[PDB]
*Asks:* 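Structure below; questions to follow.
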Protein chains: 2
Amino acid sequence: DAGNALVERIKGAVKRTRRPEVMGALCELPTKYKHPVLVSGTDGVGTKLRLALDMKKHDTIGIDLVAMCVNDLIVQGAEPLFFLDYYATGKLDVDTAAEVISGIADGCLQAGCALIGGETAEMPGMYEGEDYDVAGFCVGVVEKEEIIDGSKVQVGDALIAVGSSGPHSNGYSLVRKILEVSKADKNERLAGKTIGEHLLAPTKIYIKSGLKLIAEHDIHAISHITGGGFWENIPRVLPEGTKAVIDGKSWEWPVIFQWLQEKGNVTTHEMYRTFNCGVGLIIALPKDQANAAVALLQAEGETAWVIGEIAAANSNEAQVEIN
Amino acid sequence: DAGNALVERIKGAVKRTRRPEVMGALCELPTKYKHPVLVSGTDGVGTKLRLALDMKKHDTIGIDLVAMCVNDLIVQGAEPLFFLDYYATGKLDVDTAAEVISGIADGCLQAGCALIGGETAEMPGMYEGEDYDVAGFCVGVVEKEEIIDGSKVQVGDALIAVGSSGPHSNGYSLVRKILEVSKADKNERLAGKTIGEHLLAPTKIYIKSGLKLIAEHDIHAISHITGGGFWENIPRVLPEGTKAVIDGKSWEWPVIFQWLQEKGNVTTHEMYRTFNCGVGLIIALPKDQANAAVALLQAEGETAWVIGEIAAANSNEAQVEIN
Ligand SMILES: Nc1ncnc2c1ncn2[C@@H]1O[C@H](COP(=O)(O)O)[C@@H](O)[C@H]1O
Ligand SMILES: Nc1ncnc2c1ncn2[C@@H]1O[C@H](COP(=O)(O)O)[C@@H](O)[C@H]1O
């Protein structure tokens with residue numbers, strides 16, 4: 001009965017996401033692939049969900065869920081194809097679940113994948129109050145010969161940054177600690193939006209721009225900047241014996257990160273190892289294609305810029321250097 | 001560090017499940033398919049997990065997780081290909097998580113799918129004590145022309161039952177209520193095993209036998225008996241205007257169900273609408289193939305029998321009739 005109200009309630013959102021490969025959860029492979037390989041992953045949104053629960057605002061958290069999954073697929077060159085979610089809760093609140101699922105559908109549309117199935121589970125005793133937990137699962141497709149595996153990254157490659165929408169879905173344990181110690185007023189305005197708005201802003205989805213970029217340029221590696229922040233994730237594009245030399249003149253941290261550091265008495269050292277600091281993706285490619293790639297990304301709605309280059313590194317040194 | 005102990009700890013279990021299609025989470029389609037269609041699903045284990053947590057016994061619950069997912073795929077004719085899990089907890093207990101994941105690997109091997117990825121998430125504040133929640137996701141493959149869609153079911157078809165291992169992963173809310181009201185001693189012996197053992201017995205996986213059966217016989221429909229028990233799930237094989245006429249002489253409920261009914265003061269009416277009552281799958285096929293199908297299922301390690309037939313039904317009547 002509750003799950004019946006919900007099923008009817010979301011069928012619109014689900015149908016919105018349908019792509020022609022979907023049959024009748026059945027899905028054909030897109031016809032363009034000659035040697036398709038499936039690329040899959042699962043993710044949750046983490047402590048960001050705790051903030052959404054604190055704020056009782058559930059309409060965008062599904063976008064973060066889809067984003068986490070799909071932005072990890074694009075790093076290998078995969079085109080998202082379909083998506084499923086598992087939603088667990090103590091007592092099913094149909095409005096809440098419908099809001100979450102609708103935001104999942106919003107994300108799926110921006111990622112170009114169909115929401116084809118899912119599960120809503122009641123686990124009384126496991127979740128307190130109005131809490132729920134949601135897991136996402138995505139399957140994408142890549143042409144076998146075109147997998148981006150990082151083998152092509154060279155010393156001398158340029159590094160492009162693609163701008164983030166805010167903290168995305170990482171660092172939210174520190175966010176919540178900052179908010180609780182400072183007893184922060186989430187209604188405070190900063191640059192025309194409330195602090196709560198800035199912090200719940202959904203993760204940017206990089207599929208439309210990413211797929212176009214990969215099609216038009218020689219992309220050597222991509223890193224999706226997630227747990228461990230800017231500092232930990234940049235090295236995923238680096239061969240052994242190299243470093244990312246970051247041009248510190250090339251961007252300013254988005255103001256929400258500056259606010260978090262000030263409000264929270266946080267070191268820059270910790271900030272860089274927790275938050276994306278404005279960088280959602282970093283891309284390695286030849287220097288002579290970097291400006292064209294940047295223009296393409298911008299044309300597809302991203303913020304993008306040349307943030308650095310890959311240099312030879314000695315045995316001792318840090319793999320990320322800001323200068 | 002905790003997630004590092006765990007990753008090393010499970011890599012053996014994961015490698016055990018590898019199939020040749022896995023590359024390097026990357027997976028090719030099996031070569032035999034001419035027009036492959038992907039079939040996918042997500043599931044959790046439900047309140048059975050609460051029993052495993054009550055009993056602090058985590059080594060088989062992953063089998064139930066895989067079983068729930070894969071036994072739903074086989075109903076459409078799909079061959080499980082790969083599997084991913086999302087494990088969420090308040091504080092990561094590496095031994096617990098490793099036990100769960102190893103049991104997932106056990107299930108994957110029996111289902112013939114590779115465990116190719118997953119996520120372990122810490123959500124402090126969301127889960128109390130040692131609680132965790134685990135979601136499963138599976139992708140299988142079916143030849144487009146060979147999808148089992150139920151269109152072939154006929155009045156006059158035989159119905160075969162495939163025996164369950166116990167309650168599988170459904171009815172465990174009622175199980176726990178029975179145990180709590182009766183203050184049942186889970187160490188009590190029944191037919192050579194403890195009550196706790198009977199109730200945690202992992203769900204039977206029907207892939208090896210199922211795939212062979214579909215290959216060798218004209219299977220019209222299959223229903224995996226899950227939520228709502230024997231009574232609610234049998235009608236999934238039925239066209240409009242038909243009923244399942246069940247031969248009540250053809251089996252005896254496994255003793256654990258009789259124990260649950262007696263201990264719990266439960267009506268037969270409720271039992272049939274909650275538990276599988278010994279039937280894990282029901283299969284519709286031509287009568288002239290039923291005996292051969294039964295022998296095949298038995299040769300592949302199942303318990304199986306002809307449990308009834310599909311008859312014409314009048315407007316008013318129940319779709320399941322035991323006589
Ligand atoms: N949270 C969800 N997201 C997407 N689809 C769902 C969700 N919950 C249920 N469904 C779909 O609705 C139908 C009934 O769901 P269930 O029997 O609970 O898995 C199935 O086809 C599901 O795939
Ligand atoms: N519960 C799990 N089951 C299977 N694989 C996992 C699990 N947790 C982590 N992994 C794998 O271990 C690596 C590190 O995990 P993570 O970065 O937490 O997703 C990834 O390749 C995961 O796919």
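Convention: sequence-line order gives letters A, B, ...; per-chain numbering from 1. Just follow the structure's listing: the first ligand is 1, and inside any ligand the first atom is 1. Excluded from the calculations below are hydrogen atoms, water molecules and symmetry mates; all remaining heavy atoms, backbone and side chain alike, are included.
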*Asks:* Checking the side chain of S223(A) only, and the main-chain atoms of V237(A) only, is there a donor and an acceptor separated by less than 3.5 Å?
*Replies:*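 No.
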
*Asks:* Around atom 8 (N) of ligand 1, find the nearest protein heavy atom and jot down its residue, atom name and distance.
*Replies:*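 The closest heavy atom on the protein side is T120(A) OG1, 3.2 Å.
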
*Asks:* So which heavy atom in the protein is nearest atom 22 (C) of ligand 2, and how far is it from that ligand atom?
*Replies:*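 Checked against all protein heavy atoms, atom 22 (C) of ligand 2 sits closest to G118(B) O, 3.3 Å.
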
*Asks:* Which atoms of ligand 2 are found less than 4.0 Å from any heavy atom of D85(B)?
*Replies:*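 Every atom of ligand 2 under 4.0 Å from some heavy atom of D85(B): 1 (N), 2 (C), 3 (N), 4 (C).
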
*Asks:* Indicate yes or no: does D59(B) engage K57(B) in a salt bridge with an N to O separation below 4.0 Å.
*Replies:*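 Salt bridge present between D59(B) and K57(B).
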
*Asks:* Would you say atom 1 (N) of ligand 1 has a protein heavy atom nearer than 4.0 Å?
*Replies:*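 Protein heavy atom within 4.0 Å of atom 1 (N) of ligand 1: present.
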
*Asks:* Only heavy atoms of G117(A), strictly under 4.0 Å: list the atoms of ligand 1 that pass.
*Replies:*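 Answer, ordered by atom number: 3 (N), 4 (C), 5 (N), 23 (O).
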
*Asks:* Strictly less than 4.0 Å: does any protein heavy-atom distance to atom 6 (C) of ligand 1 fall in that range?
*Replies:*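 Under the 4.0 Å cut-off, atom 6 (C) of ligand 1 does have protein heavy-atom neighbours.
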
*Asks:* When only distance counts, is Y87(B) in polar contact with ligand 2, meaning an N/O pair under 3.5 Å?
*Replies:*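 No, since none of the N or O atoms of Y87(B) sits under 3.5 Å from an N or O of ligand 2.
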
*Asks:* Are more than 12 heavy atoms, taken from residues, nucleotides or ligands other than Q110(B), located less than 6.0 Å from that residue's CD atom?
*Replies:*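 Atom CD in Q110(B) is not crowded, with 12 or fewer foreign heavy atoms closer than 6.0 Å.
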
*Asks:* In ligand 1, which numbered atoms sit nearer than 4.0 Å to a non-hydrogen atom of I101(A)?
*Replies:*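 The atoms of ligand 1 under 4.0 Å from a heavy atom of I101(A) are 1 (N), 2 (C).
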
*Asks:* Mark up the atoms of ligand 1 that fall under 4.0 Å of a heavy atom belonging to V7(A), in ascending order.
*Replies:*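 It comes down to these atoms of ligand 1: 12 (O).
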
*Asks:* Measure the acute angle between the ring planes of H58(B) and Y132(B), then classify it against the limits of 30° and 60° as parallel, tilted or perpendicular.
*Replies:*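 Because their plane-to-plane angle is over 60°, the rings of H58(B) and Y132(B) count as perpendicular.
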
*Asks:* Does the side chain of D133(A) pick up a donor-acceptor pair with the side chain of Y127(B) at under 3.5 Å?
*Replies:*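 Yes, because at least one side-chain N or O of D133(A) sits under 3.5 Å from a partner of the opposite role on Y127(B).
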
*Asks:* Does the protein put a heavy atom under 4.0 Å from atom 17 (O) of ligand 2?
*Replies:*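 No, because not a single protein heavy atom sits under 4.0 Å from atom 17 (O) of ligand 2.
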
*Asks:* Take atom 20 (C) of ligand 2 and look for protein heavy atoms under 4.0 Å from it; say yes if you find one, no if not.
*Replies:*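 There is no protein heavy atom less than 4.0 Å from atom 20 (C) of ligand 2.
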
*Asks:* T226(B) and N170(B): side-chain donor and acceptor closer than 3.5 Å?
*Replies:*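 No - no donor-acceptor pair under 3.5 Å links their side chains.
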
*Asks:* Would you confirm whether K48(B), through its side chain, and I61(B), through its main-chain N or O, come within 3.5 Å as a donor-acceptor pair?
*Replies:*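 Such a contact is absent between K48(B) side chain and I61(B) backbone.
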
*Asks:* Got a second to check how far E130(B)'s CD is from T96(B)'s OG1, nearest 0.5 Å?
*Replies:*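 Answer for the CD-OG1 pair, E130(B) versus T96(B), is 6.5 Å.
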
